[PDB]
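Colleague: Chains as they are written, first to last, in the entry's author numbering: chain B, 21 to 175, 183 to 403, 437 to 473; chain A, 21 to 403, 437 to 473; chain C, 20 to 177, 183 to 403, 437 to 473; chain D, 20 to 178, 183 to 403, 438 to 473. Even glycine gets a Cβ: it sits at the ideal position worked out from N, Cα and C. Could you have a look at this structure, given as structure tokens, before my questions?
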Amino acid sequence: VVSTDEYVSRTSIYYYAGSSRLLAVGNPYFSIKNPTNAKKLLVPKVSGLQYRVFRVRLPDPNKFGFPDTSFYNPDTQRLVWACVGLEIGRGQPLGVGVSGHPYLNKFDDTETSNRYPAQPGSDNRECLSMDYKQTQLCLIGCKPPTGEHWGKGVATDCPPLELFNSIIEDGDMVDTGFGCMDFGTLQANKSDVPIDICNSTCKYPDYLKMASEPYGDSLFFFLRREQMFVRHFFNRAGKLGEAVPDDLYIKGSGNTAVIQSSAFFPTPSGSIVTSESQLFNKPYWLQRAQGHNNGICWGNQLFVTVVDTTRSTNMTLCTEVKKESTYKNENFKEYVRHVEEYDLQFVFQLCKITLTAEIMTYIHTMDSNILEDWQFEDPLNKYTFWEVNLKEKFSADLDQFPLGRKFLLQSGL
Amino acid sequence: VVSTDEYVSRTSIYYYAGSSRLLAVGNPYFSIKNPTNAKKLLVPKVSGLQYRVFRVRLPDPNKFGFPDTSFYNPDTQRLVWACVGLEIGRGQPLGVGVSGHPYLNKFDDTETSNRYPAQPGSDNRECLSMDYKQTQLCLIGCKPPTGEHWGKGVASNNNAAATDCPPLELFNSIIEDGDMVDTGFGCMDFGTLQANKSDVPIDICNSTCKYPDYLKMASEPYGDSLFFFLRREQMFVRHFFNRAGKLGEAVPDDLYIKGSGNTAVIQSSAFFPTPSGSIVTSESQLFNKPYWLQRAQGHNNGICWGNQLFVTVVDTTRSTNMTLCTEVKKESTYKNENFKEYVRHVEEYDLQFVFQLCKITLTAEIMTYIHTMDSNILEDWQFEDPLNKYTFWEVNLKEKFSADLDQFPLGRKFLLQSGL
Amino acid sequence: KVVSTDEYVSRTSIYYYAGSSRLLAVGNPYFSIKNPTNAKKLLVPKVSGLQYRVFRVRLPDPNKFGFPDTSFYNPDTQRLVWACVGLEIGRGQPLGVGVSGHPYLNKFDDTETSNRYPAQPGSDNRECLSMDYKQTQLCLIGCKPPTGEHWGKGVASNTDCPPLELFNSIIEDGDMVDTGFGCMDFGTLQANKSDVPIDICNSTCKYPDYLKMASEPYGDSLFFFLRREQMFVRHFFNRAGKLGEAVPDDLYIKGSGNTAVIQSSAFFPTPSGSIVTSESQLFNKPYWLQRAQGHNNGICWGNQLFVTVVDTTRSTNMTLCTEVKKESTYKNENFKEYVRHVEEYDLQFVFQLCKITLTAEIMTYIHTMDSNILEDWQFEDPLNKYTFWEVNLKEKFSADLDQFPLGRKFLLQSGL
Amino acid sequence: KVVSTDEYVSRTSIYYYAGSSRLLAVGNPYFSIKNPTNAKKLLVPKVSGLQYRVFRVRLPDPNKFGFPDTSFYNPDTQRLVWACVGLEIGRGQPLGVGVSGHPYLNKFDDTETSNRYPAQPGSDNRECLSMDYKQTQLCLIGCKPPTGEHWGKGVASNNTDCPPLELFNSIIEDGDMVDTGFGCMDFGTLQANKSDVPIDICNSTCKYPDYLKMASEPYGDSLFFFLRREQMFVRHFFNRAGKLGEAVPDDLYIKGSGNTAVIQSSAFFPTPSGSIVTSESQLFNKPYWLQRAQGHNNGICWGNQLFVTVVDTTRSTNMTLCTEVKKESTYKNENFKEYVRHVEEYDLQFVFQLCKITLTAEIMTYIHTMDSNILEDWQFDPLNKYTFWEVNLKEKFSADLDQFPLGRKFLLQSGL
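What follows is the structure, encoded as structure tokens:
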């Protein structure tokens with residue numbers, strides 16, 4: 021495997037493309053179905069802790085209406101776009117939202133005072149909330165990102188754990204402080220984590236697997252910033268599945284004869300968000316990727332993956348059902364909505380490849396579909445991505461646009 | 021007595037080696053037997069507060085299949101690998117786990133309100149938890165690291181009168197894989213020095229917490245222990261408690277005026293704090309970035325004697341403990357007796373190395389130096438292993454060495470950095 | 020009239036290394052325990068992270084040292100002296116924080132959020148509370164022991185508040201640093217012995233008088249120093265006991281009924297040293313003593329040097345527990361609890377050999393500065442009344458800076 | 020037309036050191052203690068870390084100074100003036116935080132988490148609370164006393184009864200209180216209950232430096248140089264007792280009923296906290312080189328005087344003193360008296376540059392417009442009504458800068 025600087029010839033033709041305003045509005049905890057088809061969403065789940073995986077569609081340069089095609093020979097060459105600049109615009113103010121569970125499996129507060137004897141009832145769940153771990157990240161490539169999470173493996184009665192790799196889809200949940208796991212399958216009570224992840228799979232980017240792939244199509248460039256601390260200390264209700272061994276304590280008696288549950292769990296906190304720590308609203312110049320793919324958008328497509336918990340503010344909405352002169356709780360309905368604002372901006376460089384017998388063999392082994400589409437079913441359609449169609453958004457006047465002006469100053473053109 | 025840069029000749033031959041994905045899955049608090057008798061683990065001990073001591077096995081370059089061996093003469097020279105690049109990959113998200121004890125010897129909260137008289141009873145232990153001190157460190161050498169801890173000393177004199185506090189002795193020992201790092205209660209043998217086994221959480225209460233004896237390892241003559249190291253520790257006091265039980269050393273009378281009535285019975289001044297490692301951040305990460313071992317501070321400039329390498333890692337920044345829950349009986353209403361709760365912790369590593377081939381001409385002056393330094397070097401060169442009693446995470450790279458540095462991530466980083 | 024030690028101390032190219040090896044202190048962080056048999060001999064010494072470590076480092080007399088070649092100076096007209104050019108204060112043990120308290124702490128009400136009227140005052144309302152002290156790092160190096168400051172009882176002259189006087193004194197090994205309650209003689213100025221935790225309540229906390237030591241003419245006290253202090257207020261309490269200075273009537277409108285009896289305005293805070301981090305460490309790194317701010321540029325007169333260290337970042341107090349009676353069920357009456365604290369030091373030095381030609385002009389200058397210099401050169438010791446941690450390096454000098462760690466760091470820095 | 024004093028003040032190569040030596044202030048951090056009769060006789064002065072320290076530094080008149088060689092200028096056409104080129108504000112005492120409170124603080128309910136209806140009934144619900152103030156470090160240097168700002172009671176209304188507010192400018196005097204987190208205001212006049220803020224400011228005027236006015240003055244005599252560092256956060260949330268003077272309008276809420284019919288007071292107020300003090304954030308104990316001022320006066324000490332204004336809350340530690348009235352074998356509160364004391368330690372160090380001015384007809388006209396007193400004092438006090446800490450350096454000037462710490466720093470910095 022060689023670099024795309026040894027067989028992809030760079031041209032001096034640059035183009036701008038922008039997504040304009042992208043908006044997502046919904047409920048941060050769960051979706052609302054249609055009263056006509058359960059399997060049809062009326063209000064989608066939109067949360068600051070969701071992955072935003074943008075599948076960016078580029079116009080086929082081999083079919084693009086260039087005013088002058090004398091810069092290459094279609095009899096022996098084909099064209100492909102190379103990403104050289106990107107800025108992920110983010111609207112809405114900085115803030116933090118909270119998530120919780122009306123029946124959170126919290127038993128005792130194990131921070132300062134939890135004396136014996138225990139109070140174990142058949143149902144001791146509580147209505148608690150918390151602020152999740154703070155995470156910012158962005159990934160760029162011509163291949164959808166690869167995530168990792170823990171699920172139920174193959175066969183103590185503890186469920187076997189297996190690390191699964193999967194494509195991170197738009198709407199997938201990021202880790203929140205409880206790990207990257209399938210809460211739906213590994214926590215059968217549905218009450219050990221808040222409702223917005225309790226029946227979901229939280230995925231973490233498999234940076235090691237994506238960095239080590241031979242061609243490097245997944246990670247042209249990435250930034251990441253995670254932070255959390257332990258805010259509170261609780262324990263779980265229910266039978267402890269793995270008792271503390273006898274060599275770890277001296278047995279109690281009387282009021283201490285019934286040992287309490289050592290199934291502790293912490294609540295996370297993402298602490299403060301600040302403008303100075305933002306990874307977004309600034310341009311990334313994709314000059315030299317660490318992998319062998321230096322920003323070449325094979326197949327005329329690009330994947331933009333974003334996590335931004337720094338704007339997770341959840342808005343409170345309230346409606347007046349009955350107008351009365353004195354306040355009565357039964358007169359109002361409370362709702363929670365969350366929004367996300369994106370503005371994706373790109374700078375692309377047109378490239379040509381002379382398809383010699385050596386390069387055709389190299390490209391065929393790398394991806395046979397590349398040569399077929401060049402004229403020289438899509439397995440990615442089973443996944444869910446936020447598609448960004450830039451086929452009609454390419455402009456050669458980079459100065460008219462913000463990111464384009466930044467690009468001309470950076471490159472000296 | 022001198023540096024290994026004038027008798028270790030550097031070549032332009034470089035090789036990459038990677039461990040691929042390494043996973044450990046187990047219980048963060050204790051191991052579980054299989055059973056089928058003891059000494060057979062069903063759930064191994066895996067904790068974010070454990071030392072990860074990787075014994076990396078390299079192929080013997082004197083027996084390695086180089087495509088061209090005309091670069092040295094085996095009649096008078098021997099080959100050895102030199103580490104010039106390293107990146108410790110870390111999977112799993114950043115996070116913090118908690119540890120506790122269902123019978124922690126905590127009596128009163130001594131922070132704001134603890135009025136007289138005290139209410140002491142034969143058993144006042146409580147089910148409390150805490151988040152430990154945060155610690156990141158990575159040590160590199162061709163010799164396993166040496167740790168320090170406090171243990172029980174020698175019975176000594178004044179068996180009577182005097183004080184019956186156990187004698188303390190500072191012990192040095194090899195840090196083994198799975199050993200516990202200090203957590204905020206010190207580097208001591210909790211199993212022997214805390215006989216009630218209720219003063220610290222269960223994951224260390226019958227364990228020995230070890231801290232790297234940096235001063236001893238830096239001062240060793242040849243410098244085989246620490247080619248390179250990074251460290252980052254932080255903690256603050258989260259809560260203030262005191263111990264139950266008889267106070268072994270009473271407060272002297274010249275430090276207070278005696279009480280009376282309800283304050284006549286003095287409370288115990290055996291205080292102890294709970295630690296907290298505060299926040300973990302990506303900006304403070306020591307891992308997932310390359311270390312270029314250009315110039316060691318010691319006399320061993322990255323020469324992997326014995327064709328092996330030791331990478332010791334502590335990383336509490338990914339100590340998240342996962343909660344698992346199984347449904348024993350499916351019913352329409354929630355009942356606690358219908359579920360079993362479990363706690364699991366995982367660790368993901370991916371060790372990446374770049375090595376530089378080196379040759380040593382065995383003159384009488386160099387043979388004298390190598391034999392005095394370590395006679396086994398010449399014997400293994402032909403010109437049992439006392440470390441087998443210890444427990445290490447072995448990483449076998451004998452079949453993983455590749456000369457195509459551009460194909461691999463760290464290799465590409467090495468070529469760009471060195472300008473090759 | 021004071022000149023610099025660069026105008027009359029000739030530098031040589033001869034360097035020597037010396038190291039103290041492992042230095043350990045093990046004891047109780049709150050108090051010492053005397054031997055019943057010997058009132059002047061100790062069974063458990065007081066060892067605490069809030070203590071000054073004042074090392075009196077003894078150097079070999081270079082005028083009698085066994086140099087392999089002594090053709091570099093003339094003993095008929097010259098004398099030798101060591102100059103310190105490099106230092107690293109090694110610190111063992113992990114980073115951590117210890118706590119101090121008082122079983123009868125004079126705390127009445129928590130005055131932070133809720134302290135309603137009327138007050139409930141009683142003849143004994145002391146409590147068993149603890150706290151974490153102010154965090155302090157410092158290192159002082161010179162050929163003279165450091166000068167500290169603290170507040171004590173002044174002279175009684177014509183309110184019954186004790187008169188205050190700021191005293192200067194030599195900081196001795198084992199002296200307590202200020203903990204957040206100030207640099208004062210708690211034994212004399214706090215007669216109830218319950219206003220601060222027990223580890224300082226009968227002690228004198230001293231703060232380094234940087235201004236006095238920096239301004240002294242010859243500059244023997246501070247060749248070099250580093251310092252890092254930090255604290256915030258964790259809790260707010262008030263004192264029990266009679267208020268000595270009542271609030272004047274022009275500062276409030278009088279209460280009545282349940283508010284007629286004014287509560288005590290003798291407030292006091294609890295300190296907190298906050299977090300310790302590796303990035304803020306002052307130790308385990310070399311200090312190059314190239315150019316002192318004073319006129320003494322690291323010349324170790326009298327073949328000795330004083331290193332004063334405070335390091336509260338490793339103040340962890342270890343809990344020890346012994347089993348008196350082994351039973352199948354846990355009973356408190358079967359165990360004894362103890363507290364121990366330890367400190368580990370490793371002092372490393374690089375010295376530069378110096379020669380001084382004793383002209384008529386220089387002999388007069390040295391005689392005025394310190395007559396003992398010429399007398400000891402042959403051309437009782439008042440510091441023995443003080444207590445220092447003695448570090449004897451007379452047999453530890455080596456000219457082979459190669460194998461030793463700080464020497465290698467020095468060779469890289471100096472380019473040799 | 021204001022020009023710079025680099026176009027008409029000729030610089031000489033004559034430099035002088037001057038130091039105040041150790042300055043100490045000892046008193047009560049909450050209030051001064053007068054005589055039991057005499058209005059203006061102080062027994063214990065008010066000394067607080069939240070006070071302005073405004074030093075009026077007196078320099079010797081260089082036109083009458085005994086220079087060893089006076090051949091450097093011509094008195095027939097020239098006059099002399101001192102220029103400040105170096106300054107170090109030495110600070111003794113340890114870093115720490117003090118607390119202030121009020122035994123009858125007008126706090127009603129804790130409005131942070133739980134303040135359910137109904138309101139609690141009571142003609143007097145004040146509480147004994149304390150707090151740590153906003154943290155403030157600053158230093159101001161000039162030849163004119165600094166100008167502060169504060170809010171007081173304005174002029175009357177032509178017919183809500185809220186007192187009218189007016190922003191007042193005034194000279195900051197030594198001992199004046201800085202803002203503490205409750206604003207720069209005349210608490211004595213604007214808070215008539217004397218219970219809304221702690222006692223050390225409840226009958227005081229808190230002033231903030233009018234940086235904008237002093238920066239905008241034409242000649243720039245107020246600010247040769249300044250540093251400032253402020254920080255605070257909200258620690259707790261309370262409300263005031265007493266009638267709410269301005270009711271919440273009806274369009275901002277739906278009226279309550281039954282248990283919620285009587286609205287609680289929305290007159291909230293927070294308690295401040297200055298958070299942690301650290302050595303790394305210190306503004307003092309370091310030299311300031313006054314090379315090029317932003318104003319037109321580049322450090323010219325007109326009138327042979329200098330003003331140093333300092334606020335430093337990082338050493339606000341209040342010491343607890345306790346006296347034993349009756350010595351008994353058991354602790355009894357009625358046997359002890361509790362006191363609170365605060366101290367401040369200063370060491371002002373200066374390097375001055377001698378300057379000459381050729382008094383042409385154009386310059387005499389320019390200086391007369393600037394300040395007629397300059398030429399009158401040259402033979403070519439309205440500030441006495443104010444209270445300053447007088448520092449007489451007339452006999453403290455020395456030409457041997459190397460003998461002194463800050464002087465050595467000046468020679469090292471300038472390369473002389």
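#1: If you draw a straight line from the alpha carbon of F256 (chain A) to that of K153 (chain C), how long is it in whole angstroms?
#2: What is the DSSP secondary structure of residue 416 (chain B), counted as helix, strand or coil?
#3: Taking Cβ-Cβ distances shorter than 9 Å, what residues in chain A pair up with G464 (chain C)?
#4: Checking the sheet assignment: what are the DSSP bridge partners for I160 (chain C)?
#5: Kindly list, in the order they appear in chain A, the residues whose Cβ is closer than 8 Å to that of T283 (chain B).
#6: Which value, in whole angstroms, describes the spacing of the CA atoms of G297 (chain D) and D151 (chain D)?
#7: Please confirm whether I286 (chain A) has its beta-carbon closer than 8 Å to some beta-carbon of chain D.
#8: What is the residue span of the alpha helix (DSSP H) that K360 (chain C) lies within?
#9: Closer than 8 Å, CB to CB, is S280 (chain B) near chain C or not?
#10: Listed in chain order, which residues of the segment 325–352 of chain C have Cβ atoms closer than 8 Å to some Cβ of chain D?
#11: For the segment 77–145 of chain C, list the beta strand (DSSP E) runs that are entirely contained and at least 3 residues long, ordered along the chain.
#12: Starting from the Cα of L463 (chain C), find the closest Cα among A:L235, A:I380 and A:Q305 and give me that residue.
#13: Give me the Cα-Cα distance between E189 (chain A) and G204 (chain C), rounded to the nearest whole angstrom.
#14: Taking the C-alpha atoms as reference points, what is the distance between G161 (chain C) and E240 (chain C)?
#15: Excluding the 5 residues preceding and the 5 following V22 (chain D) in the sequence, name in chain order all residues of the same chain whose CB lies nearer than 8 Å to its CB.
#16: What does a CB cutoff of less than 6 Å around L157 (chain D) pick up in its chain, not counting 5 residues either side in sequence?
#17: Compute the Euclidean distance between the alpha carbons of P64 (chain C) and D223 (chain A), then round it to the nearest angstrom.
#18: With distances taken from CA atoms, which of D:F454, D:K466 and D:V45 is nearest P187 (chain C)?
#19: Report the partner residues of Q287 (chain D) according to the DSSP bridge assignment.
#20: Buried or exposed: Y34 (chain C), going by 16 or more other Cβ atoms within 10 Å of its Cβ?
#21: Can you tell me which of the three DSSP states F307 (chain B) falls into?
#22: Tell me, please, whether the CB atom of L62 (chain C) is closer than 8 Å to any CB atom in chain A?
#23: Among the residues of its own chain, which have a CB less than 7 Å from the CB of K59 (chain B), if the five just before and after it don't count?
#24: Closer than 7 Å between beta carbons: that is the criterion. Which residues of the segment 211–235 of chain A meet it against chain G?
#25: Could one say the Cβ of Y136 (chain C) lies closer than 8 Å to chain D's Cβ atoms, at least one of them?
#26: Are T336 (chain D) and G198 (chain D) closer than 8 Å when you measure CB to CB?
#27: Which residues bound the beta strand (DSSP E) around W170 (chain B)?
#28: By the DSSP assignment, the alpha helix (DSSP H) with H391 (chain D) in it spans what residues?
Modeller: Let's see:
#1: Counting from one through the second sequence, the residue named residue 256 (chain A) turns up at place 236. Counting from one through the third sequence, the residue named residue 153 (chain C) turns up at place 134. Rounded to the nearest angstrom, the two C-alpha atoms are 12 Å apart.
#2: One cannot assign coordinates to residue 416 (chain B), given that chain B in this structure leaps from 403 to 437.
#3: Residue 464 (chain C) sits at position 407 when you count from the first residue of the third sequence. Neighbours of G464 (chain C) across chain A, judged by C-beta separation under 9 Å, do not exist; the nearest C-beta is about 11 Å away.
#4: For the purposes of this step, residue 160 (chain C) is taken as the residue at position 141 of the third sequence. Answer is C:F248 and C:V331.
#5: By one-based count along the first sequence, residue 283 (chain B) stands at place 256. What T283 (chain B) touches in chain A: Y123, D143 and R145.
#6: Translated into the one-based positions of the fourth sequence, residue 297 (chain D) becomes position 274. Translated into the one-based positions of the fourth sequence, residue 151 (chain D) becomes position 132. Distance between the alpha carbons of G297 (chain D) and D151 (chain D) is about 7 Å.
#7: The sequence position of residue 286 (chain A) within the second sequence is 266, counting from 1. With respect to chain D, the C-beta atom of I286 (chain A) has no partner C-beta closer than 8 Å.
#8: Residue mapping note: residue 360 (chain C) aligns to position 336 of the third sequence, counting from 1. Element bounds for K360 (chain C): not the alpha helix (DSSP H) but the beta strand (DSSP E), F359 to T381.
#9: In the first sequence, counting from the first residue as 1, residue 280 (chain B) sits at position 253. At least one CB atom of chain C sits nearer than 8 Å to the CB of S280 (chain B).
#10: Close to chain D, meaning a Cβ-Cβ distance shorter than 8 Å, is no residue of the segment 325–352 of chain C at all.
#11: 97–110 and 119–124
#12: Within the third sequence, residue 463 (chain C) is the residue found at index 406, counting from 1. That would be A:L235, whose Cα lies nearest to the Cα of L463 (chain C).
#13: For the purposes of this step, residue 189 (chain A) is taken as residue 169 along the second sequence, with counting starting at 1. For the purposes of this step, residue 204 (chain C) is taken as residue 180 along the third sequence, with counting starting at 1. Rounded to whole angstroms, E189 (chain A) to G204 (chain C) spans 33 Å at the Cα level.
#14: Counting from 1 along the third sequence, the entry for residue 161 (chain C) is found at position 142. Counting from 1 along the third sequence, the entry for residue 240 (chain C) is found at position 216. Here the alpha carbons of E240 (chain C) and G161 (chain C) stand approximately 13 Å from one another.
#15: As a position in the fourth sequence, residue 22 (chain D) is number 3, starting the count at 1. Counting only Cβ-Cβ distances below 8 Å, and skipping sequence neighbours, we find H319 and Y389.
#16: Along the fourth sequence, read from residue 1 onward, the residue named residue 157 (chain D) stands at position 138. Non-local beta-carbon contacts of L157 (chain D) in its own chain, meaning distances under 6 Å to residues more than five positions away in sequence, involve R251 and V334 in chain order.
#17: Here residue 64 (chain C) corresponds to residue number 45 of the third sequence, with the count starting at 1. Here residue 223 (chain A) corresponds to residue number 203 of the second sequence, with the count starting at 1. Taking the straight line from one Cα to the other gives about 32 Å.
#18: In the third sequence, counting from the first residue as 1, residue 187 (chain C) sits at position 163. Ranking the options by Cα distance to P187 (chain C), first place goes to D:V45.
#19: One-based indexing of the fourth sequence puts residue 287 (chain D) at position 264. Paired residues: none, contrary to the question.
#20: Numbered from its first residue, the third sequence carries residue 34 (chain C) at position 15. Buried, by the Cβ-count rule.
#21: Working through the first sequence from its first residue, we reach residue 307 (chain B) at position 280. In the structure shown, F307 (chain B) sits in coil (DSSP, three-state: anything other than H, G, I, E or B).
#22: For the purposes of this step, residue 62 (chain C) is identified with residue 43 of the third sequence, where counting begins at 1. Yes, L62 (chain C) counts as interfacial toward chain A.
#23: The sequence position of residue 59 (chain B) within the first sequence is 39, counting from 1. There are no such residues.
#24: Absence of chain G from the displayed structure is noted, the protein chains being B, A, C and D.
#25: What you label residue 136 (chain C) is simply residue 117 of the third sequence in a count that begins at 1. Yes, because at least one Cβ of chain D sits closer than 8 Å to the Cβ of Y136 (chain C).
#26: Within the fourth sequence, the letter at position 313 stands for residue 336 (chain D). Within the fourth sequence, the letter at position 175 stands for residue 198 (chain D). Inclusion of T336 (chain D) and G198 (chain D) in the CB contact set at 8 Å is not warranted, their separation being larger than that value.
#27: As a first step, residue 170 (chain B) must be located in the first sequence, where it is residue number 150. That run of the beta strand (DSSP E) goes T166 to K172.
#28: If you number the fourth sequence from 1, residue 391 (chain D) lands on position 368. Segment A384 to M393, the alpha helix (DSSP H) holding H391 (chain D).
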